[PDB]
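Input: a single structure, listed below in structure tokens.
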Amino acid sequence: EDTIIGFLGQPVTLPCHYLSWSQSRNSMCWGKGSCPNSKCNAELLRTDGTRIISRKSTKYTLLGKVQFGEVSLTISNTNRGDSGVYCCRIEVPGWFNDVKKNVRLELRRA
Ligand code: NA
């Protein structure tokens with residue numbers, strides 16, 4: 003697992019990208035905890051091929067271009083409850099073939 007360090011009260015970006023992203027074929031989600039059998043547990047954000055279509059709240063966003071596979075998660079105004087494991091799942095057409103990536107977030111005070 004890759005580890006991201008950020009500051010409490012500041013935003014963080016959890017990195018995820020898919021170079022061969024296709025607007026007609028791909029979609030993705032972020033969730034809390036390790037990537038499960040399918041989709042994302044405790045889903046925080048989801049895209050279609052082009053755009054964010056669902057979001058837990060405005061605390062979660064994507065600052066990159068979705069259509070180019072720049073699907074890194076930005077979490078605003080981090081508090082202690084945001085620390086832990088996150089799942090970035092790139093959805094690929096078919097079964098048992100999504101790209102699953104766990105990211106650990108650690109948070110400190112400045
Ligand atoms: Na799949």
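The sequence shown runs 3 to 112 under PDB author numbering. Each residue gets a CB set at the ideal place from its N, CA and C atoms; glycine is no exception.
Short check: CB of residue i to CB of residue j, under 9 Å?
i: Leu16; j: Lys34; result: no
i: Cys31; j: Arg53; result: no
DSSP beta-bridge partners for residue i?
i: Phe9; result: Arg110
i: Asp4; result: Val105
i: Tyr62; result: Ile77
i: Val87; result: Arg106
i: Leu21; result: DSSP output for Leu21 lists no bridge partner at all.
i: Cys37; result: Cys37 is not bridged to any residue.
Using the C-alpha atoms, what's the distance from residue j back to residue i?
i: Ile77; j: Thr63; result: 7 Å
i: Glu93; j: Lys58; result: 19 Å
Taking DSSP as the reference, what is the three-state secondary structure of residue i?
i: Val94; result: coil
i: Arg82; result: helix
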